[PDB]
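A.B. asks: what follows is a protein structure lacking sequence information:
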C-alpha cells in the first residue's frame, strides 16, 4: 500500500536516493524506517529516524556513508547512499515502523510497507 | 494469611508504584537537571508489559471479560449449558495456541535494547509464557466455579487431561498435529477473507468474550494458509504491548478514582452553585458547565454518573424539579466525559490508530465547546416555556469564600489539558503529574486519603487496564490478516463502483456505527469496528484525526441509545426510577448531539482550525 520513488544505476563519488512518499496514509507518528533484504531473508536494516530534533540512529554494521532527510508538511522522506560497494546490493523497502520502543529492526513494521524496489551496481 | 489469595496482583501493585516513582522523578528531573536520565524513560516501557498482562490474569480470574450477551436473554436453560461449555472450551483451545506461539516466539528472538546497550530484552517475551502459565491455572479454577454453579457440562479433570495430551503430542509426535490443518480439503484463495470474517462475526455473536474470540478468528485464518503466519503475527503480539501512550491509561484511571473518592465533587458543585446557579435554570447550568470540570476529575463517562449523581439529583429534588429532566441532563453530563481529558475510549482509539494523543486531545476540546454550548442552549429553550421557578440571588462574600476553599482542587483539569495545550508536557507525564498533584493536595489540604488508598486505587486501575491489554494485543493480531489480505480493496470494490464524496462514506459509516451502537456496548464495539474501518476510511483518504473524534462521538450516541446503552441503566440505577422515565428524559438531548455531529460531518474546518493553527 505505500509508495516509493528513486533508485537507478551509476555510470563510470555517486550516490542514489530512495524515498517514501506518504501516499494516502498518515506518516508522522514520530517514527519511520528503512530496510534491504538478501536472497533467502527478510531481517536486515538501517534503524530509526526521528521526526523531532534531527536525531539519527544506525547499526554499527551500517555506520558510515548512508544519509537521511525529511519534511512533515509535504510528507516526504528520503535516504541517500554513498558506498557504491557490491555488499550494498539487495532488494529495498521503506516501512512505517511505528509505536514500538525497543528495536532498531525486528518486525515492529506495524502498519505498513511498500512492495519492494530493485537497485543494482556492479563492475564494468 | 489473606494476602496469599492475590500475591501476583500485589506484585503488580509493587511494580505499578515503581512506575509512578520512576516517572515523577523523570519529568521534574528532566527539566531541573537540564539533561535526560534516559534509562528511566525506557525502563518504564518494560515494566508496563508485566502490569498489563497481570491485569489480564485479573480479568481472567474474575471472569470480568468484555462480551456481547443478547442471545443469553433469548436462549433456554439447556442450550445455554451447551453454548457456555462450547464457548469456554473454545477459550481453553485459545490459551494453548497462545502458549505454543509464546514458546515459538521466544527461541526465535535474540535482540537487546541497544538504546541502553542491551540489558535482558528477552525478559519481555519471557513474561508472556510465565504469566500465561498463571493464566492457565487461574482459568481452569474459574471454570470449576462455573460448573459448580451449573453453568456448564464438564469437570476440571477433562481440561487437565487435555492440557497433558496437547503438550505430550508436541513432546513426541507433532506430525499428528500437522494432520489438524483443513488444507487437505480446501480451495479458498482470496475468498479466505470473506470466510474468516463470517466465522469471526458468528463466534463473536455466539458470546465468546471479545479478546479470545479475535484470537480464534486470527488462528482460523492459519487453517487457510500454506505459509509464514506462525512467525509473523506471533512476534507482533506481545511486543505491541510495549507502546508508550498506553502507560497514560493506567494513571488517568487512577486519577479518576482518587479524585472521585476524595469527595472533591461536592466542592466543585458548591463552587458552581454560586458561580452559575444565580442565573435561573441554575440546576441545569451548574450540571452542564461544571461537567467540563467533572469530566476532568473523572476520566470516564460512568465515573461522572457514579460520582456526581447524588448531588445533582439532590439539587433537582430540593428545587422540586422533574426527575426525567434530571435524567436527561445527567445523561448529557456523561457525554461531556468523553469530550475531555482524561478519556479512556479516546486514548484506546489513539493506540489502535497508532496516532498521538496530543494532536487528538487538542482537537477533542472543540466538540467540548460545541456540545456543552448547544446543551446549555437546549436547557434555556425548554425552561423558558416549561415554567420552573427562579433561582436565588448571590453576593461576593460567600462566593469567594467557596472559591478559596475549593481553589486548591480546581487546578485538576487545568493541569492536564493546560500542560498539553501550552506544549510544555506530553501525554504520559500529564497523567502522572495529575496523579501526583491529586494525591499531594489530597494528603495535606484534605485528609481522607488513607496510606492504603493509593494501593487500593492502583489495584482497580491496573485491573481495568488488564481488559484493555488483552483487547489491544488481540486487535493488533487482526492487523496481520487485514494488511496481509487487503480487505480494504474488496470492501472498496462495493463502494468504489459508485463512491464520490467523503460525506457519503462518513454518514454511511456513522450510520453503521450507530446501528451496531443500538446492539453492542461501547466498551466492546470500539474494538470490534475500529480495526478494519480505520483502514477503509484511510482508503477513502479521510484524515484519521477527524475520524477519531467523529467515531468516538458515535460511541457516545451509542451509550446514549437503547436497547444497548448502558449509561441509560447507570442513570436509572442512581435515579431509583424506570427506564420509561429515562427514555423521555433523554429524548430531546440527542437532537443537539446529532446536530453538532452533523455540523462537524459537513464542515471539517471546525476541528481543523485549532489543531492546525497551533500544531502545524
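C.D. replies: Received it, and whenever you're ready, just let me know what you need. Numbering: from 1, shown residues only, chains lettered A, B, ... in the order given.

A.B. asks: buried residues in the top helix by length along chain B?
C.D. replies: For chain B, the longest helix by residue count, based on DSSP state H, is helix B:453-485. Residues of helix B:453-485 classed as buried by neighbour count (16 or more other Cβ atoms under 10 Å in any protein chain shown): B:453-454, B:457-459, B:461-485. C-beta: built from backbone N, CA, C; applies to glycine.

A.B. asks: what about residue B:171, which helix or strand?
C.D. replies: helix B:156-172 (DSSP states H and E).

A.B. asks: how far does that helix sit from the chain's center?
C.D. replies: 36 Å (Cα atoms, centre = their mean, to the nearest Å).

A.B. asks: can you tell me what sits against that helix?
C.D. replies: Residues outside helix B:156-172 that contact it (Cβ atoms under 8 Å, 6 or more residues apart in numbering or on different chains) are B:92, B:96, B:100, B:136, B:140, B:143, B:144, B:147, B:176, B:177.

A.B. asks: next, the angle helix B:453-485 makes with the helix or strand immediately after the longest helix of chain B in the chain.
C.D. replies: As assigned by DSSP H and E, the chain's next helix or strand after helix B:453-485 is helix B:487-496. Between helix B:487-496 and helix B:453-485, the angle formed by their directions is 70 degrees, by axes from the mean of the first three to the mean of the last three Cα atoms, to 10 degrees.

A.B. asks: for helix B:487-496, buried residues please.
C.D. replies: B:487, B:488, B:491, B:492.

A.B. asks: next, count neighbours for the residue nearest to the last one when sequence neighbours are not counted.
C.D. replies: Beyond its immediate neighbours in the sequence, the residue positioned closest to residue B:492 (Cβ to Cβ, 6 or more residues apart in numbering or on different chains) is residue B:539, lying 5.3 Å away. Residue B:539 sits with 21 neighbouring residues when counted by other Cβ atoms under 10 Å in any protein chain shown.

A.B. asks: so what's residue B:539 up against?
C.D. replies: Counted by Cβ under 8 Å, 6+ apart, residue B:539 has contacts A:24, B:488, B:489, B:491, B:492.

A.B. asks: farthest-separated two in those?
C.D. replies: A:24 and B:491 (15.5 Å; Cβ to Cβ).

A.B. asks: re the thing from before, also near chain A: which of the buried residues of helix B:453-485, exactly?
C.D. replies: Applying Cβ under 8 Å from any Cβ of the partner chain to those, one finds that B:476, B:479, B:483 fall near chain A.

A.B. asks: and those residues, which is closest to residue A:87?
C.D. replies: Nearest to residue A:87, judged by Cβ to Cβ, of these is residue B:483 at 30.8 Å.

A.B. asks: make a ChimeraX selection of the buried ones in the contacts of helix B:156-172.
C.D. replies: The buried residues among the contacts of helix B:156-172 can be selected in ChimeraX (16+ other Cβ under 10 Å) with this line:
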select /B:92,96,100,136,140,143,144,147
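
A.B. asks: what about the contacts of helix B:156-172, which are in helices?
C.D. replies: B:92, B:96, B:100, B:136, B:140, B:143, B:144, B:147, B:176, B:177.

A.B. asks: quick check, nearest of those to chain A?
C.D. replies: Taking Cβ to the nearest Cβ as the measure, chain A lies nearest residue B:100 of the ones in helices among the contacts of helix B:156-172, at 18.6 Å.

A.B. asks: where does the most centrally placed residue in chain A fall, helix, sheet strand or coil?
C.D. replies: Geometric centre of chain A, nearest residue: residue A:34, 2.7 Å, by Cα atoms, centre = their mean. At residue A:34 the chain is in strand, as set by DSSP: H, G, I helix; E, B strand; the rest coil.

A.B. asks: that one bridge partners, please.
C.D. replies: For residue A:34, the beta-bridge assignment (DSSP bridges) gives partners residue A:94.

A.B. asks: wait, it sits on residue A:93?
C.D. replies: Yes. Look at residue A:34 against residue A:93 with Cβ atoms under 8 Å: they come within range, at 6.8 Å.

A.B. asks: spell out which parts of chain A neighbour chain B.
C.D. replies: Residues of chain A lying near chain B (Cβ under 8 Å from any Cβ): A:1, A:24-26, A:29-30, A:73, A:98-108, A:110-112.

A.B. asks: show me the contacts for residue B:44.
C.D. replies: B:19, B:22, B:23, B:26, B:244, B:247.

A.B. asks: for those, which one is nearest chain A?
C.D. replies: Closest to chain A, out of all of the contacts of residue B:44 and judged by Cβ to the nearest Cβ, is residue B:244, at 6.4 Å.

A.B. asks: which bits of chain B sit near chain A?
C.D. replies: Going by Cβ under 8 Å from any Cβ, the residues of chain B near chain A are B:42, B:45, B:109, B:111, B:113-115, B:121, B:124, B:232, B:235-236, B:239-240, B:242-245, B:351, B:354-356, B:476, B:479, B:483, B:486, B:488, B:538-539, B:541, B:544, B:616.

A.B. asks: show me where chain A has strands.
C.D. replies: All strands of chain A, identified by DSSP state E, fall at A:4-6, A:16-20, A:33-37, A:66-71, A:76-81, A:90-95, A:117-119.

A.B. asks: contact partners for the residue of the stretch 151-300 of chain B found nearest chain A?
C.D. replies: Nearest to chain A, among the residues of the stretch 151-300 of chain B, is residue B:243, at 4.4 Å (Cβ to the nearest Cβ). Applying Cβ under 8 Å, 6+ apart to residue B:243 gives the contacts A:99, A:100, A:101, B:351.

A.B. asks: likewise for residue B:155?
C.D. replies: B:144, B:147.

A.B. asks: what's the distance between it and residue B:140?
C.D. replies: Plainly put, residue B:155 is 10 Å away from residue B:140 if you go by Cβ to Cβ, to the nearest Å.

A.B. asks: for the residue nearest to residue A:33 when sequence neighbours are not counted, give me the backbone phi and psi.
C.D. replies: Closest residue in space to residue A:33, ignoring its immediate chain neighbours: residue A:97 at 3.9 Å, by Cβ to Cβ, 6+ apart. Residue A:97 adopts backbone torsions of phi -50, psi 120, taken as degrees, to the nearest 10.

A.B. asks: so who does residue A:97 touch?
C.D. replies: A:31, A:32, A:33, A:48, A:108, A:109, A:110.

A.B. asks: swap in residue A:29?
C.D. replies: Contacts of residue A:29 (Cβ under 8 Å, 6+ apart): A:96, A:98, A:99, B:354, B:355, B:356.

A.B. asks: tell me the bridge partners for the closest residue to residue A:56 other than its chain neighbours.
C.D. replies: For residue A:56, ignoring the flanking residues on the chain, the nearest one in space by Cβ to Cβ, 6+ apart is residue A:68 at 5.2 Å. Per DSSP bridges, the residues bridged to residue A:68 are residue A:79.

A.B. asks: does residue A:68 touch residue A:49 like I think?
C.D. replies: Yes. With contacts counted by Cβ under 8 Å, residue A:68 reaches residue A:49, the gap being 5.4 Å.

A.B. asks: which residues do these two both contact?
C.D. replies: With Cβ under 8 Å, 6+ apart as the test, residue A:68 and residue A:49 both reach residue A:56.

A.B. asks: gap between the nearest residue to residue B:129 once chain neighbours are set aside and residue B:162?
C.D. replies: Excluding its sequence neighbours, the residue lying closest to residue B:129 (Cβ to Cβ, 6+ apart) is residue B:102, at 4.1 Å. Residue B:102 sits 18 Å away from residue B:162, going by Cβ to Cβ.

A.B. asks: the more surrounded of these two?
C.D. replies: Using other Cβ under 10 Å as the criterion, residue B:102 and residue B:162 rank with residue B:102 on top: 23 against 15.

A.B. asks: my guess is that one meets residue B:132, correct?
C.D. replies: Yes. With contact defined as Cβ under 8 Å, residue B:102 reaches residue B:132; the gap is 6.0 Å.

A.B. asks: got the contacts of residue B:539 as a markdown table, with distance to residue B:612 columns?
C.D. replies: A markdown table is the format used below for those (distance: Cβ to Cβ, whole Å):
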| residue | distance to residue B:612 |
| --- | --- |
| A:24 | 19 |
| B:488 | 27 |
| B:489 | 30 |
| B:491 | 29 |
| B:492 | 28 |
